[PDB]
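Undergrad: Next up is a structure, given as structure tokens.
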Amino acid sequence: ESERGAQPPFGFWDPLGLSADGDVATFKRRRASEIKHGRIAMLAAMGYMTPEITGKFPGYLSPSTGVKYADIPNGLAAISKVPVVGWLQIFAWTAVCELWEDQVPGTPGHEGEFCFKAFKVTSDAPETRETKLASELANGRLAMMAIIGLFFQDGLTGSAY
Amino acid sequence: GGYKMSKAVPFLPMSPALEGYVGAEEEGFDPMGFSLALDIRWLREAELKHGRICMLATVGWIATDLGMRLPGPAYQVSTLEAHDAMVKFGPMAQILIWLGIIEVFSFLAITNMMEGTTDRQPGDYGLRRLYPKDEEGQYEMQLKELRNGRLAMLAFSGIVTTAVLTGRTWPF
Amino acid sequence: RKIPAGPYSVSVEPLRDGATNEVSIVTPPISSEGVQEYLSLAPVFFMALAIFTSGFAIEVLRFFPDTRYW
Amino acid sequence: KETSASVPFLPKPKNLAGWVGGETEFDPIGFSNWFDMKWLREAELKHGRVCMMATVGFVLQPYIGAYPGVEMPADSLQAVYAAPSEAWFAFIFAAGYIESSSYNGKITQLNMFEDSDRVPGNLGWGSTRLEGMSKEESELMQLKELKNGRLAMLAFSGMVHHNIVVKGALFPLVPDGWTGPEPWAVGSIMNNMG
Amino acid sequence: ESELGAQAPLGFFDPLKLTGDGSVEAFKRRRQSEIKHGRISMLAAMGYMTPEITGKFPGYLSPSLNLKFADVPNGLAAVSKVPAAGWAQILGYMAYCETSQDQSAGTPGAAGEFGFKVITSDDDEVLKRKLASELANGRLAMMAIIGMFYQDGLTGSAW
Ligand SMILES: CC(=O)O[C@H]1CC(C)(C)C(=C=C/C(C)=C/C=C/C(C)=C/C=C/C=C(C)/C=C/C=C(C)/C=C/[C@@]23O[C@]2(C)C[C@@H](O)CC3(C)C)[C@](C)(O)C1
Ligand code: KC1
Ligand SMILES: CC1=C(C#C/C(C)=C/C=C/C(C)=C/C=C/C=C(C)/C=C/C=C(C)/C=C/[C@@]23O[C@]2(C)C[C@@H](O)CC3(C)C)C(C)(C)C[C@H](O)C1
Ligand SMILES: CC1=C(C#C/C(C)=C/C=C/C(C)=C/C=C/C=C(C)/C=C/C=C(C)/C=C/[C@@]23O[C@]2(C)C[C@@H](O)CC3(C)C)C(C)(C)C[C@H](O)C1
């Protein structure tokens with residue numbers, strides 16, 4: 001499985017802790033886990049940098065309760081103030097994104113193949129496909145370390161940055 | 001040599017009505033022999049319905065007693081008086097109506113599985129989604145569902161009993 | 001059925017050997033077709049019709065008390 | 001064995017095989033087995049059409065005013081009280097003529113679909129548009145009509161009961177200081193401590 | 001692949017390369033994207049230019065809200081003035097136009113052919129002229145519309 005995946009730095013198959021002794025099912029499970037983790041990390045790091053670069057907090061997140069976009073602090077303090085059913089609906093959209101199609105072993109969802117199709121690598125060129133997915137994986141790992149470091153910085157410093 | 005015993009209660013033979021079901025090959029816990037006198041399909045339907053209801057109810061109690069409350073002045077009541085304030089407010093009857101629709105269709109499911117008009121399994125409603133394709137994975141997932149359901153039944157029982165006894169949030 | 005038991009019995013034959021680990025469901029073997037047929041009986045159907053008519057009259061009297069619109 | 005596509009935990013209902021909306025085969029209770037499917041389809045189409053016209057009327061009544069003299073109330077429920085008697089009689093006459101000449105008097109559940117080629121829901125109002133097209137396209141148009149009919153039935157029910165709970169107009173939803181609907185009046189078995 | 005847009009006075013404009021990797025259906029998908037973006041950008045640019053010369057045409061916009069056609073300003077300001085129902089109807093028209101015909105690859109909808117025609121060729125070689133004119137106008141209108149966006153965003157006024 002050393003020839004699978006991305007390895008952008010090249011020659012960088014890294015089992016380090018010898019995690020994969022050789023089992024296709026466990027490796028595919030962890031590949032789905034890593035690709036999902038990377039997508040989540042990239043999205044979260046975007047939603048973490050955006051409130052600071054372009055503040056852009058227009059209007060009330062809760063017109064009835066009174067929760068304003070500009071009163072939720074950026075970072076970890078968000079999960080006390082984003083409205084109750086606001087968090088419920090965010091969770092529900094994650095549920096829709098994860099439960100619309102099947103992500104079980106033996107299905108394309110287990111490989112990360114989803115219904116987004118917002119890059120459409122054009123199968124006639126099945127060579128930029130590997131580049132696109134490798135870049136996605138590597139960027140997901142980078143934003144993975146990034147987002148966990150950002151959360152730790154938020155916890156230690158007391159605010160987002 | 002014979003009389004396959006209950007792995008849970010080792011001094012009582014396992015009820016033959018348990019054969020082919022999820023919790024029989026490892027526990028087989030039917031000491032009173034309800035499956036010997038009641039249809040095991042109906043018993044499994046009841047067990048899974050109770051487990052799912054309790055698994056929802058436990059997290060509902062957790063949320064309600066942790067401050068998770070809908071954005072409404074009428075919703076600012078404690079869990080103990082929640083099912084009097086919401087009964088008078090109306091939404092309890094509303095939940096009753098919608099769950100009654102769902103349970104009427106569940107009644108149709110039960111009264112179609114018993115006559116053989118469907119190959120539906122007792123707890124099955126068709127929701128596959130996070131369902132393994134491999135049969136062993138399906139069995140393990142069903143066992144996880146059953147164990148979580150039973151654990152949450154006991155957990156919700158304890159939660160409501162202790163909350164009524166000593167009015168507190170949840171850790172008590 | 002040598003032991004005298006009533007018709008439509010869910011009882012196993014009491015003439016059995018040493019203790020049997022058998023499944024004997026004590027619940028009536030009813031049928032959905034049979035239940036629907038029974039609820040379609042003239043007594044059942046017409047008493048249900050009478051109850052429905054009486055309740056409809058009750059609700060009309062409740063929401064429109066007396067003959068105010070005569 | 002076979003199970004309904006819409007309800008996977010219930011048997012596939014028969015008598016829905018060749019029909020416009022039958023591919024989803026949704027019939028849990030099973031009025032298909034009890035009643036003529038032609039009558040059920042005619043009733044569904046008529047309900048959907050009536051409720052679509054009712055929905056556009058309910059929405060547009062407080063707008064398009066009314067007959068010179070009557071005050072179309074913002075809440076469309078009181079329009080029946082504000083309607084002139086002559087207008088009601090004309091509406092009743094028009095509905096009776098339209099619905100009684102459509103079936104040549106065979107306007108009853110026992111006699112409507114007994115002649116022969118009475119297509120369910122085909123009153124002849126612009127059926128020529130379906131006379132062309134190509135089967136799948138015509139069935140697609142009929143399915144559009146059916147889905148819009150069901151949507152408007154549910155929507156009109158919702159509009160009526162919204163006007164009931166709010167005791168006001170349809171569009172000013174959830175007025176200021178709402179704090180939930182008022183508890184329902186009149187007694188019940190639970191009102192007298194059941 | 002030097003067609004359609006190859007009529008440009010510049011030529012087969014490929015800065016940053018792209019489409020050099022035999023990406024034939026990527027080329028067709030980018031053709032669809034270019035055609036759709038051009039059409040919407042031309043519509044937008046016309047709907048920005050018209051409200052100043054022969055300004056907001058008289059009328060009324062929202063029965064209950066008392067919004068007129070003269071109340072709603074132009075530019076990025078007008079975003080938060082059309083009522084929720086009005087924006088719903090506009091986006092519904094967008095959705096109906098998008099979903100009317102199949103835009104999947106290989107279909108006539110996969111090249112901008114939706115049967116609109118109106119200004120169409122007489123099948124006398126001017127079809128390519130018309131297609132290229134539409135493509136060039138849309139290409140220009142895209143940068144024009146982005147520039148007008150930036151002008152409204154920075155200056156604040158509709159101009
Ligand atoms: C206060 C003040 O004065 O500040 C002002 C500031 C300002 C800016 C003036 C304002 C304004 C006006 C506006 C509305 C400005 C709009 C700007 C827009 C719409 C930007 C969208 C870019 C979309 C892109 C690039 C999509 C790009 C898509 C791409 C690149 C696709 C890229 C592909 O990689 C993908 C996805 C697959 C590849 O295989 C192929 C290719 C094509 C390369 C404000 C906000 O009002 C206020
Ligand atoms: C078209 C369907 C739809 C409607 C019609 C709708 C409407 C309302 N949404 Mg919702 N919503 C989605 C769909 C819809 N929302 C989706 C797909 C998401 C992505 C996850 C999403 C996100 C949030 C968040 C994060 C919050 C939120 C709330 C409210 C709210 C206020 C009620 C009130 O103020 O009484 C109303 C009326 C905010 C809140 O205030 O809840 C109290 C809150 O925080 N929503
Ligand atoms: C085995 C098994 C499982 C399991 C399990 C588990 C965890 C089972 C646990 C079951 C459990 C934990 C059952 C509770 C008993 C507690 C009781 C009865 C309380 C008595 C308390 C009473 C009667 C109250 C007494 C008083 O109130 C009085 C009378 C008045 C007060 O003044 C004084 C006090 C308060 C003292 C899985 C994993 C879930 C599924 C798997 O498949 C099989
Ligand atoms: C057939 C025929 C013809 C015809 C025709 C006609 C008349 C066709 C008409 C079609 C028509 C009239 C279709 C309406 C649909 C209405 C819907 C779907 C309602 C949605 C409403 C919904 C979904 C819900 C609304 C809500 O209100 C609810 C429930 C609660 C409120 O709080 C919130 C809101 C407001 C959101 C020709 C062409 C004239 C001649 C030809 O020869 C024959």
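A note on labels: chains of the structure tokens are A, B, ... as shown, every chain counts residues from 1, and ligands are counted from 1 in their shown order.
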Check which residues fall inside 9 Å of ligand 3 when counting only C-alpha atoms and all ligand atoms, and print them as a PDB file with C-alpha atoms, in the first residue's frame.

TA:
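Saved file result-v6.pdb follows:
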```pdb
ATOM      1  CA  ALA B   8     -26.528 -15.844  30.356  1.00  0.00           C
ATOM      2  CA  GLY B  23     -28.826 -11.756  21.179  1.00  0.00           C
ATOM      3  CA  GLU B  26     -23.963 -15.077  22.930  1.00  0.00           C
ATOM      4  CA  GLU B  27     -26.451 -14.289  25.724  1.00  0.00           C
ATOM      5  CA  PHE B  29     -31.230 -14.475  28.301  1.00  0.00           C
ATOM      6  CA  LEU B 143     -26.026  -6.461  18.476  1.00  0.00           C
ATOM      7  CA  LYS B 144     -24.655  -2.966  19.095  1.00  0.00           C
ATOM      8  CA  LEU B 146     -29.683  -3.986  20.997  1.00  0.00           C
ATOM      9  CA  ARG B 147     -27.038  -3.503  23.684  1.00  0.00           C
ATOM     10  CA  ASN B 148     -27.215   0.287  23.408  1.00  0.00           C
ATOM     11  CA  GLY B 149     -31.000   0.122  23.579  1.00  0.00           C
ATOM     12  CA  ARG B 150     -31.010  -2.008  26.720  1.00  0.00           C
ATOM     13  CA  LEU B 151     -28.311   0.115  28.355  1.00  0.00           C
ATOM     14  CA  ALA B 152     -30.251   3.291  27.614  1.00  0.00           C
ATOM     15  CA  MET B 153     -33.491   1.755  28.891  1.00  0.00           C
ATOM     16  CA  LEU B 154     -31.822   1.087  32.234  1.00  0.00           C
ATOM     17  CA  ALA B 155     -30.019   4.438  32.108  1.00  0.00           C
ATOM     18  CA  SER B 157     -35.002   4.524  34.197  1.00  0.00           C
ATOM     19  CA  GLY B 158     -32.265   5.441  36.654  1.00  0.00           C
ATOM     20  CA  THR B 161     -35.996   7.866  39.154  1.00  0.00           C
ATOM     21  CA  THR B 162     -33.064   9.768  40.652  1.00  0.00           C
ATOM     22  CA  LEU B 165     -36.130  11.552  44.038  1.00  0.00           C
ATOM     23  CA  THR B 166     -33.372  14.182  44.235  1.00  0.00           C
TER      24      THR B 166
END
```

Undergrad: Report as a PyMOL selection string the set of chain A residues whose atoms approach chain B to within 7 Å, with distances computed over only C-alpha atoms.

TA: chain A and resi 65+84-85+99+102+104-105

Undergrad: Neighbours of ligand 4 at 10 Å or closer, counting only C-alpha atoms and all ligand atoms: which residues, as a compact mmCIF listing (two decimals) with N, CA, C and O atoms, in the first residue's frame?

TA:
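Once written, pocket-v9.txt looks like this:
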```
# COMPACT_ATOMS: atom_id res chain seq x y z
N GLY D 48 -56.90 17.83 -5.78
CA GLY D 48 -55.73 18.63 -6.08
C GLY D 48 -56.06 19.87 -6.87
O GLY D 48 -55.55 20.95 -6.58
N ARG D 49 -56.92 19.74 -7.88
CA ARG D 49 -57.32 20.90 -8.68
C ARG D 49 -58.09 21.91 -7.84
O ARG D 49 -57.82 23.12 -7.89
N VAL D 50 -59.06 21.43 -7.06
CA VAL D 50 -59.84 22.31 -6.20
C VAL D 50 -58.94 23.03 -5.23
O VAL D 50 -59.08 24.23 -5.00
N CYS D 51 -57.96 22.32 -4.65
CA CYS D 51 -57.09 22.92 -3.67
C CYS D 51 -56.05 23.85 -4.29
O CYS D 51 -55.61 24.79 -3.63
N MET D 52 -55.63 23.61 -5.53
CA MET D 52 -54.75 24.56 -6.19
C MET D 52 -55.47 25.86 -6.47
O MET D 52 -54.96 26.96 -6.18
N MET D 53 -56.69 25.77 -7.02
CA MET D 53 -57.49 26.98 -7.20
C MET D 53 -57.79 27.64 -5.87
O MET D 53 -57.77 28.87 -5.75
N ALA D 54 -58.03 26.83 -4.83
CA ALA D 54 -58.29 27.36 -3.50
C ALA D 54 -57.07 28.05 -2.92
O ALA D 54 -57.20 29.07 -2.25
N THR D 55 -55.88 27.51 -3.17
CA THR D 55 -54.66 28.12 -2.66
C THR D 55 -54.41 29.46 -3.33
O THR D 55 -54.11 30.45 -2.65
N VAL D 56 -54.54 29.52 -4.66
CA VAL D 56 -54.32 30.81 -5.31
C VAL D 56 -55.40 31.81 -4.91
O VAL D 56 -55.12 33.00 -4.76
N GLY D 57 -56.64 31.35 -4.71
CA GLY D 57 -57.67 32.25 -4.21
C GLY D 57 -57.37 32.76 -2.81
O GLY D 57 -57.46 33.96 -2.54
N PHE D 58 -57.00 31.85 -1.91
CA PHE D 58 -56.71 32.22 -0.53
C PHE D 58 -55.56 33.21 -0.46
O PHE D 58 -55.59 34.16 0.33
N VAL D 59 -54.52 32.99 -1.27
CA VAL D 59 -53.38 33.89 -1.29
C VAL D 59 -53.77 35.24 -1.89
O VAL D 59 -53.46 36.30 -1.34
N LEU D 123 -61.55 15.47 -17.90
CA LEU D 123 -62.81 16.14 -18.18
C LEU D 123 -62.84 16.79 -19.55
O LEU D 123 -63.85 17.38 -19.92
N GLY D 124 -61.75 16.69 -20.31
CA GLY D 124 -61.70 17.26 -21.64
C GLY D 124 -61.27 18.71 -21.70
O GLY D 124 -61.37 19.32 -22.78
N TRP D 125 -60.81 19.29 -20.60
CA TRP D 125 -60.37 20.69 -20.59
C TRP D 125 -58.92 20.72 -21.04
O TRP D 125 -58.00 20.57 -20.24
N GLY D 126 -58.71 20.91 -22.34
CA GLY D 126 -57.36 20.99 -22.86
C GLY D 126 -56.63 19.67 -22.90
O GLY D 126 -55.40 19.65 -22.81
N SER D 127 -57.35 18.55 -23.03
CA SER D 127 -56.70 17.25 -23.14
C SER D 127 -55.92 17.10 -24.44
O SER D 127 -55.12 16.17 -24.55
N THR D 128 -56.14 17.98 -25.42
CA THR D 128 -55.43 17.88 -26.69
C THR D 128 -53.93 18.10 -26.52
O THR D 128 -53.14 17.58 -27.32
N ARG D 129 -53.52 18.87 -25.51
CA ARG D 129 -52.10 19.08 -25.29
C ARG D 129 -51.40 17.76 -24.97
O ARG D 129 -50.27 17.54 -25.40
N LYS D 144 -46.60 16.02 -12.79
CA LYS D 144 -46.47 17.39 -12.29
C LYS D 144 -47.80 17.88 -11.73
O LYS D 144 -47.85 18.46 -10.64
N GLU D 145 -48.89 17.62 -12.46
CA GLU D 145 -50.21 18.02 -11.97
C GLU D 145 -50.53 17.34 -10.65
O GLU D 145 -51.04 17.98 -9.72
N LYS D 147 -48.47 16.01 -8.32
CA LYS D 147 -47.63 16.47 -7.22
C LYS D 147 -48.02 17.87 -6.78
O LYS D 147 -48.09 18.16 -5.58
N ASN D 148 -48.31 18.76 -7.74
CA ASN D 148 -48.78 20.09 -7.38
C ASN D 148 -50.12 20.01 -6.66
O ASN D 148 -50.38 20.79 -5.73
N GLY D 149 -50.99 19.09 -7.07
CA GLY D 149 -52.27 18.94 -6.40
C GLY D 149 -52.12 18.51 -4.95
O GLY D 149 -52.76 19.07 -4.06
N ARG D 150 -51.27 17.51 -4.71
CA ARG D 150 -51.03 17.07 -3.34
C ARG D 150 -50.41 18.18 -2.50
O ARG D 150 -50.83 18.43 -1.36
N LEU D 151 -49.42 18.88 -3.07
CA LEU D 151 -48.78 19.97 -2.37
C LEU D 151 -49.78 21.05 -2.01
O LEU D 151 -49.77 21.57 -0.89
N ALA D 152 -50.67 21.40 -2.94
CA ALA D 152 -51.63 22.46 -2.68
C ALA D 152 -52.72 22.01 -1.72
O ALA D 152 -53.24 22.84 -0.97
N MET D 153 -53.08 20.73 -1.72
CA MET D 153 -54.01 20.24 -0.71
C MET D 153 -53.44 20.44 0.69
O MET D 153 -54.08 21.06 1.56
N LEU D 154 -52.22 19.96 0.90
CA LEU D 154 -51.59 20.12 2.20
C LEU D 154 -51.39 21.60 2.53
O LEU D 154 -51.59 22.03 3.67
N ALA D 155 -51.04 22.39 1.52
CA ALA D 155 -50.78 23.81 1.74
C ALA D 155 -52.05 24.56 2.12
O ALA D 155 -52.02 25.43 3.00
N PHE D 156 -53.17 24.27 1.46
CA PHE D 156 -54.41 24.94 1.79
C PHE D 156 -54.89 24.55 3.18
O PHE D 156 -55.40 25.39 3.93
N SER D 157 -54.74 23.27 3.53
CA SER D 157 -55.05 22.87 4.90
C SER D 157 -54.20 23.66 5.89
O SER D 157 -54.71 24.16 6.91
N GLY D 158 -52.91 23.80 5.59
CA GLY D 158 -52.04 24.57 6.46
C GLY D 158 -52.43 26.03 6.55
O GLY D 158 -52.35 26.63 7.62
N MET D 159 -52.84 26.62 5.43
CA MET D 159 -53.26 28.02 5.43
C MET D 159 -54.49 28.21 6.30
O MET D 159 -54.56 29.15 7.11
N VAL D 160 -55.48 27.33 6.15
CA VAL D 160 -56.71 27.45 6.93
C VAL D 160 -56.39 27.34 8.42
O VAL D 160 -56.83 28.15 9.23
N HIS D 161 -55.58 26.34 8.79
CA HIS D 161 -55.32 26.16 10.21
C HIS D 161 -54.34 27.18 10.76
O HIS D 161 -54.39 27.47 11.96
N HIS D 162 -53.48 27.77 9.93
CA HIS D 162 -52.70 28.91 10.37
C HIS D 162 -53.59 30.10 10.67
O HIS D 162 -53.41 30.78 11.69
N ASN D 163 -54.56 30.38 9.80
CA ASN D 163 -55.50 31.45 10.10
C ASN D 163 -56.33 31.13 11.33
O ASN D 163 -56.80 32.06 12.00
N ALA D 169 -54.66 37.16 9.49
CA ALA D 169 -54.37 36.93 8.08
C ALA D 169 -53.27 35.89 7.92
O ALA D 169 -52.55 35.54 8.86
N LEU D 170 -53.15 35.38 6.69
CA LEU D 170 -52.20 34.31 6.42
C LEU D 170 -50.76 34.82 6.38
O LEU D 170 -49.85 34.18 6.92
N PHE D 171 -50.53 35.95 5.74
CA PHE D 171 -49.17 36.38 5.42
C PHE D 171 -48.42 36.98 6.60
O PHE D 171 -47.23 36.69 6.76
N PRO D 172 -49.04 37.81 7.45
CA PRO D 172 -48.33 38.25 8.65
C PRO D 172 -48.12 37.10 9.62
O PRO D 172 -48.73 37.05 10.69
N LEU D 173 -47.27 36.15 9.23
CA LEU D 173 -47.00 34.97 10.03
C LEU D 173 -46.37 35.37 11.36
O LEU D 173 -45.63 36.35 11.45
N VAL D 174 -46.68 34.59 12.40
CA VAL D 174 -46.12 34.70 13.75
C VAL D 174 -46.03 36.16 14.17
O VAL D 174 -44.95 36.76 14.16
N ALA E 85 -40.34 37.32 -1.01
CA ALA E 85 -41.13 36.69 -2.07
C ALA E 85 -40.59 37.04 -3.45
O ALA E 85 -40.53 36.18 -4.33
```

Undergrad: Please identify the residues whose atoms come within 6 Å of ligand 2, using only C-alpha atoms and all ligand atoms, and report them as a list in words.

TA: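 Final answer, ordered by chain and number: residues 61, 62, 63, 64, 65, 82, 83, 85, 86, 87, 89, 90 and 93 of chain A; 71 of chain B.
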
Undergrad: If you keep N, CA, C and O atoms, can you produce a file of those selected residues as an mmCIF file, in the first residue's frame?

TA:
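Listed below is the output, again.cif:
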```
data_model
loop_
_atom_site.group_PDB
_atom_site.id
_atom_site.type_symbol
_atom_site.label_atom_id
_atom_site.label_comp_id
_atom_site.auth_asym_id
_atom_site.auth_seq_id
_atom_site.Cartn_x
_atom_site.Cartn_y
_atom_site.Cartn_z
ATOM 1 N N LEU A 61 -28.048 36.226 13.922
ATOM 2 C CA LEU A 61 -28.148 34.785 13.723
ATOM 3 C C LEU A 61 -29.487 34.265 14.228
ATOM 4 O O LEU A 61 -30.070 33.351 13.635
ATOM 5 N N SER A 62 -29.987 34.836 15.321
ATOM 6 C CA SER A 62 -31.320 34.526 15.836
ATOM 7 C C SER A 62 -32.148 35.799 15.901
ATOM 8 O O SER A 62 -32.030 36.570 16.870
ATOM 9 N N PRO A 63 -32.982 36.074 14.897
ATOM 10 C CA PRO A 63 -33.836 37.270 14.969
ATOM 11 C C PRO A 63 -34.783 37.263 16.155
ATOM 12 O O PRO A 63 -35.089 38.330 16.699
ATOM 13 N N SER A 64 -35.258 36.089 16.573
ATOM 14 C CA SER A 64 -36.191 36.013 17.694
ATOM 15 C C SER A 64 -35.466 36.114 19.030
ATOM 16 O O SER A 64 -35.786 36.973 19.859
ATOM 17 N N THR A 65 -34.485 35.237 19.258
ATOM 18 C CA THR A 65 -33.754 35.255 20.521
ATOM 19 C C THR A 65 -32.949 36.540 20.674
ATOM 20 O O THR A 65 -32.845 37.089 21.778
ATOM 21 N N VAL A 82 -23.972 30.403 19.699
ATOM 22 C CA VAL A 82 -24.733 30.052 18.498
ATOM 23 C C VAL A 82 -26.010 29.348 18.931
ATOM 24 O O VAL A 82 -25.944 28.408 19.749
ATOM 25 N N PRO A 83 -27.181 29.763 18.448
ATOM 26 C CA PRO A 83 -28.440 29.319 19.057
ATOM 27 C C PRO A 83 -28.572 27.804 19.122
ATOM 28 O O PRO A 83 -27.943 27.056 18.371
ATOM 29 N N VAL A 85 -31.108 25.509 18.525
ATOM 30 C CA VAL A 85 -31.503 24.856 17.290
ATOM 31 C C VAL A 85 -30.636 25.306 16.130
ATOM 32 O O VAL A 85 -30.623 24.647 15.093
ATOM 33 N N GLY A 86 -29.886 26.399 16.277
ATOM 34 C CA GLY A 86 -28.865 26.700 15.286
ATOM 35 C C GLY A 86 -27.810 25.613 15.214
ATOM 36 O O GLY A 86 -27.471 25.122 14.132
ATOM 37 N N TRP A 87 -27.298 25.199 16.376
ATOM 38 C CA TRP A 87 -26.378 24.069 16.410
ATOM 39 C C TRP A 87 -27.070 22.786 15.987
ATOM 40 O O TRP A 87 -26.467 21.940 15.317
ATOM 41 N N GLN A 89 -29.414 22.498 13.761
ATOM 42 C CA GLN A 89 -29.541 22.518 12.308
ATOM 43 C C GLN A 89 -28.190 22.357 11.624
ATOM 44 O O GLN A 89 -28.106 21.746 10.554
ATOM 45 N N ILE A 90 -27.122 22.904 12.209
ATOM 46 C CA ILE A 90 -25.785 22.652 11.672
ATOM 47 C C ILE A 90 -25.468 21.161 11.736
ATOM 48 O O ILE A 90 -24.968 20.559 10.772
ATOM 49 N N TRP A 93 -27.417 19.429 9.016
ATOM 50 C CA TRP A 93 -26.812 19.525 7.693
ATOM 51 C C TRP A 93 -25.613 18.598 7.572
ATOM 52 O O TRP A 93 -25.384 18.011 6.510
ATOM 53 N N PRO B 71 -35.664 28.010 21.826
ATOM 54 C CA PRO B 71 -35.780 29.457 22.048
ATOM 55 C C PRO B 71 -37.214 29.920 22.238
ATOM 56 O O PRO B 71 -37.816 30.481 21.317
#
```

Undergrad: When distances are computed from only C-alpha atoms, which of B:39, B:84, B:119, B:45 shows the smallest separation from chain C?

TA: B:39

Undergrad: Within 8 Å of ligand 1 (counting only C-alpha atoms and all ligand atoms), which residues show up? I'd like them as a list in words.

TA: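 Based on only C-alpha atoms and all ligand atoms, ligand 1 is surrounded within 8 Å by residues 118, 119, 120 and 121 of chain A; 30, 76, 146, 148, 149, 150, 151, 152, 153, 154, 155 and 156 of chain E.
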
Undergrad: Got time to write the residues from that selection, C-alpha atoms, as a short mmCIF file (atom, residue, chain, number, x, y, z; two decimals), in the first residue's frame?

TA:
```
data_model
loop_
_atom_site.label_atom_id
_atom_site.label_comp_id
_atom_site.auth_asym_id
_atom_site.auth_seq_id
_atom_site.Cartn_x
_atom_site.Cartn_y
_atom_site.Cartn_z
CA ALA A 118 -17.69 20.28 -8.08
CA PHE A 119 -14.32 19.57 -9.70
CA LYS A 120 -15.34 17.04 -12.40
CA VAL A 121 -11.84 15.82 -13.29
CA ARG E 30 -15.84 25.07 -19.96
CA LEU E 76 -25.45 46.02 -4.90
CA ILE E 146 -17.20 42.40 -12.18
CA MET E 148 -19.28 47.42 -11.96
CA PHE E 149 -19.53 45.17 -8.89
CA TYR E 150 -16.23 46.56 -7.60
CA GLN E 151 -17.27 50.14 -8.38
CA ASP E 152 -20.50 49.75 -6.42
CA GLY E 153 -18.71 48.00 -3.56
CA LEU E 154 -15.96 50.59 -3.15
CA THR E 155 -17.68 53.85 -4.10
CA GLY E 156 -20.98 52.83 -2.51
#
```

Undergrad: Neighbours of residue 14 of chain C within 9 Å (only C-alpha atoms; same-chain residues fewer than 2 positions away dropped), as a list in words?

TA: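 My reading of the contact set: residues 1, 3, 11, 12 and 16 of chain C.
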
Undergrad: By how many Å are atom CA of residue 143 of chain A and atom CA of residue 42 of chain A apart?

TA: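 Between atom CA of residue 143 of chain A and atom CA of residue 42 of chain A the gap is 5.2 Å.
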
Undergrad: Apply DSSP to the backbone of this structure and, from segment 41-150 of chain D, keep only the residues in helix (DSSP H, G or I); write these as a PyMOL selection string.

TA: chain D and resi 41-60+76-82+85-101+112-114+128-131+136-150

Undergrad: Any idea what the distance is between atom CA of residue 164 of chain D and atom CA of residue 77 of chain D?

TA: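 Answer for the atom CA of residue 164 of chain D to atom CA of residue 77 of chain D separation: 8.7 Å.
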
Undergrad: Can you tell me which residues surround residue 73 of chain D at a distance of at most 8 Å, considering only C-alpha atoms, apart from same-chain residues fewer than 6 positions away, and format the answer as a list in words?

TA: residues 62, 79 and 82 of chain D

Undergrad: With a distance threshold of 12 Å and counting only C-alpha atoms, extract the residues of chain B near chain D and express them as number ranges by chain.

TA: B: 70-76, 85-91, 93, 101-102, 104-128
